[PDB]
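Working notes, structure below.
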Amino acid sequence: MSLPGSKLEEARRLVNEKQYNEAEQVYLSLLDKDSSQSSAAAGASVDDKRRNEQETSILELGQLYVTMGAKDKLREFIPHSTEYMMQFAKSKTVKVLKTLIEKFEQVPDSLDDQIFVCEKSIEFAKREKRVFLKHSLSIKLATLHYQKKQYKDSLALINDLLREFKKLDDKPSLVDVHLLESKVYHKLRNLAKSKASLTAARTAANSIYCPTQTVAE
């Protein structure tokens with residue numbers, strides 16, 4: 001706890017005073033410490049039960065990322081950030097990976113990085129785990145395909161979400177599914193079906209649970 005904390009604080013101080021180049025070198029040390037501790041650097045380096053030490057260590061390891069913007073270091077790290085993720089293999093692992101994903105998406109490292117991380121990840125949720133997790137990520141994989149400006153590759157993906165949960169229909173996540181469909185078709189310049197899939201989005205958004213960001217869009 002003592003050391004993870006210090007490394008974090010120090011690293012943080014440097015980005016927020018000096019520059020990031022100084023903070024970087026501290027961010028190297030932090031990572032090293034976390035891997036060794038997960039696979040017993042002393043047990044956990046407080047001894048006995050893993051409890052807090054572990055919980056805190058994975059959470060400030062989430063603090064390491066996206067504290068260096070769009071950057072080459074961060075780049076390379078992400079197909080191996082997921083690697084660390086599968087090593088942990090605990091309940092709250094899935095939550096940590098979801099949050100991370102959003103953050104990785106949000107900073108811009110575009111075409112290459114986005115498609116590769118996503119692909120590997122979506123194969124990791126399709127095996128073992130739950131189908132519930134798999135499809136969350138599929139919606140994200142659908143969004144990214146549109147972002148590459150491949151409308152054809154994005155149309156094909158969407159059809160898979162579409163058909164499959166029209167027999168598994170009752171969910172808010174599919175209000176976003178229909179919405180996506182409209183964006184595809186917008187750019188194909190056919191407004192017959194851009195109109196049609198939009199009309200479906202509103203009907204299934206009659207359910208009162210929808211949050212501000214989905215309604216806005």
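Each chain of the structure tokens is named A, B, ... in the order shown, its residues numbered from 1; ligands are numbered from 1 in display order.
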
Residues near residue 39 of chain A, anyone? I mean within 12 Å using only C-alpha atoms, not counting same-chain ones fewer than 6 positions away, as an mmCIF file with N, CA and C atoms, in the first residue's frame.
```
data_model
loop_
_atom_site.group_PDB
_atom_site.id
_atom_site.type_symbol
_atom_site.label_atom_id
_atom_site.label_comp_id
_atom_site.auth_asym_id
_atom_site.auth_seq_id
_atom_site.Cartn_x
_atom_site.Cartn_y
_atom_site.Cartn_z
ATOM 1 N N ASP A 32 5.821 -2.429 -12.532
ATOM 2 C CA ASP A 32 6.733 -3.494 -12.134
ATOM 3 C C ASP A 32 6.293 -4.044 -10.799
ATOM 4 N N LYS A 33 6.119 -3.085 -9.818
ATOM 5 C CA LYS A 33 5.677 -3.416 -8.521
ATOM 6 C C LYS A 33 4.370 -4.235 -8.487
ATOM 7 N N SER A 45 2.887 -8.057 0.034
ATOM 8 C CA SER A 45 3.712 -7.027 0.584
ATOM 9 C C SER A 45 2.968 -6.216 1.673
ATOM 10 N N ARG A 50 -4.869 -11.051 1.077
ATOM 11 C CA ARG A 50 -4.586 -10.156 -0.015
ATOM 12 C C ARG A 50 -5.381 -8.942 0.069
ATOM 13 N N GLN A 54 -4.346 -5.690 -2.754
ATOM 14 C CA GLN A 54 -4.688 -6.071 -4.103
ATOM 15 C C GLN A 54 -5.656 -5.133 -4.718
ATOM 16 N N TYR A 84 -2.729 -8.546 -18.534
ATOM 17 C CA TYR A 84 -2.631 -8.399 -17.072
ATOM 18 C C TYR A 84 -3.985 -8.683 -16.458
ATOM 19 N N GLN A 87 -4.864 -12.255 -16.179
ATOM 20 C CA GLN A 87 -4.085 -12.872 -15.166
ATOM 21 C C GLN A 87 -4.835 -12.856 -13.809
ATOM 22 N N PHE A 88 -5.551 -11.761 -13.567
ATOM 23 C CA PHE A 88 -6.168 -11.500 -12.277
ATOM 24 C C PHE A 88 -7.247 -12.475 -11.994
#
```

Contacts of segment 64-74 of chain A at 9 Å (only C-alpha atoms; same-chain gap of 6+ positions) as a ChimeraX atom specification
/A:8,11-12,15,20,24,27,30-31,100,103-104,107-109

Output the selection as an mmCIF file, in the first residue's frame - N, CA, C and O atoms for each residue.
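The result, written out as result30.cif:
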```
data_model
loop_
_atom_site.group_PDB
_atom_site.id
_atom_site.type_symbol
_atom_site.label_atom_id
_atom_site.label_comp_id
_atom_site.auth_asym_id
_atom_site.auth_seq_id
_atom_site.Cartn_x
_atom_site.Cartn_y
_atom_site.Cartn_z
ATOM 1 N N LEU A 8 2.431 6.522 -7.155
ATOM 2 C CA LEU A 8 1.266 7.226 -7.678
ATOM 3 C C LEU A 8 1.304 8.707 -7.431
ATOM 4 O O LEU A 8 1.190 9.477 -8.377
ATOM 5 N N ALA A 11 4.251 10.328 -9.175
ATOM 6 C CA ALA A 11 4.043 10.393 -10.546
ATOM 7 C C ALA A 11 3.127 11.506 -11.025
ATOM 8 O O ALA A 11 3.416 12.405 -11.833
ATOM 9 N N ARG A 12 2.013 11.525 -10.308
ATOM 10 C CA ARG A 12 0.946 12.513 -10.311
ATOM 11 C C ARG A 12 1.408 13.950 -10.117
ATOM 12 O O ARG A 12 1.058 14.757 -10.911
ATOM 13 N N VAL A 15 3.462 15.165 -13.461
ATOM 14 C CA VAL A 15 2.622 15.599 -14.488
ATOM 15 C C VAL A 15 2.004 16.885 -14.221
ATOM 16 O O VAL A 15 1.846 17.766 -15.125
ATOM 17 N N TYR A 20 5.387 15.488 -18.085
ATOM 18 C CA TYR A 20 5.130 14.078 -18.088
ATOM 19 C C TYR A 20 6.307 13.140 -18.260
ATOM 20 O O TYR A 20 6.178 11.962 -17.808
ATOM 21 N N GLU A 24 6.837 9.696 -16.233
ATOM 22 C CA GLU A 24 6.907 8.475 -17.000
ATOM 23 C C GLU A 24 7.727 7.404 -16.379
ATOM 24 O O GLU A 24 7.422 6.213 -16.496
ATOM 25 N N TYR A 27 6.046 6.008 -13.506
ATOM 26 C CA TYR A 27 5.048 5.121 -14.001
ATOM 27 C C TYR A 27 5.591 3.755 -14.423
ATOM 28 O O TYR A 27 5.035 2.693 -14.070
ATOM 29 N N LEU A 30 5.973 1.699 -10.816
ATOM 30 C CA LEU A 30 4.615 1.383 -10.419
ATOM 31 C C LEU A 30 4.108 0.148 -11.041
ATOM 32 O O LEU A 30 3.811 -0.835 -10.384
ATOM 33 N N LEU A 31 4.040 -0.011 -12.420
ATOM 34 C CA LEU A 31 3.685 -1.196 -13.130
ATOM 35 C C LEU A 31 4.410 -2.431 -12.613
ATOM 36 O O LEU A 31 3.792 -3.428 -12.278
ATOM 37 N N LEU A 100 -11.848 0.606 -18.152
ATOM 38 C CA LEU A 100 -10.635 0.818 -18.930
ATOM 39 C C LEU A 100 -10.895 1.008 -20.338
ATOM 40 O O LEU A 100 -10.267 1.877 -20.930
ATOM 41 N N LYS A 103 -12.154 4.487 -21.306
ATOM 42 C CA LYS A 103 -10.978 5.339 -21.267
ATOM 43 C C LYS A 103 -10.025 5.142 -22.502
ATOM 44 O O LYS A 103 -9.717 6.198 -23.017
ATOM 45 N N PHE A 104 -9.713 3.862 -22.889
ATOM 46 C CA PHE A 104 -8.924 3.654 -24.025
ATOM 47 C C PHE A 104 -9.574 4.241 -25.291
ATOM 48 O O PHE A 104 -8.889 4.970 -25.984
ATOM 49 N N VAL A 107 -9.463 8.483 -25.217
ATOM 50 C CA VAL A 107 -8.244 9.049 -25.774
ATOM 51 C C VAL A 107 -8.022 8.541 -27.250
ATOM 52 O O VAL A 107 -8.261 7.362 -27.613
ATOM 53 N N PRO A 108 -7.503 9.450 -28.098
ATOM 54 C CA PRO A 108 -7.364 9.120 -29.491
ATOM 55 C C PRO A 108 -6.057 8.505 -29.915
ATOM 56 O O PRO A 108 -5.088 9.275 -29.871
ATOM 57 N N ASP A 109 -5.967 7.217 -30.401
ATOM 58 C CA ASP A 109 -4.817 6.434 -30.859
ATOM 59 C C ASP A 109 -5.317 5.688 -32.021
ATOM 60 O O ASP A 109 -4.566 4.880 -32.534
#
```

Could you pull out all residues of segment 50-178 of chain A with a DSSP call of alpha helix (DSSP H) and give them as a VMD selection string?
chain A and resid 51 to 64 72 to 88 93 to 106 110 to 126 131 to 148 151 to 163 175 to 178

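Distance annotation: of A:123, A:62, A:112, A:149, the residue with the minimal separation from residue 93 of chain A is A:62; atom set is only C-alpha atoms.
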
Please provide as a list in words all residues within 8 Å of residue 121 of chain A, with the sequence filter that same-chain residues fewer than 4 positions apart are discarded (counting only C-alpha atoms).
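The residues satisfying every condition are residues 82, 117 and 125 of chain A.
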
Please produce an output containing N, CA and C atoms for each residue in the selection, written as a tab-separated table (two decimals), in the first residue's frame.
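Once written, part-v7.tsv looks like this:
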```tsv
chain	number	residue	atom	x	y	z
A	82	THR	N	-4.69	-5.74	-21.20
A	82	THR	CA	-5.69	-6.81	-21.19
A	82	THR	C	-5.16	-8.21	-20.82
A	117	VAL	N	-7.13	-4.04	-30.08
A	117	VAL	CA	-7.47	-4.18	-28.67
A	117	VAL	C	-8.86	-4.74	-28.65
A	125	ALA	N	-13.99	-12.18	-24.21
A	125	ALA	CA	-15.32	-12.26	-23.67
A	125	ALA	C	-16.18	-13.34	-24.32
```

Using only C-alpha atoms, determine which residues lie at most 7 Å from segment 181-183 of chain A, disregarding the query and same-chain residues fewer than 5 positions distant; provide the list as JSON, numbers by chain.
{"A": [194, 197, 198]}

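Picture a line from atom CA of residue 139 of chain A to atom CA of residue 83 of chain A; it runs 21.8 Å.
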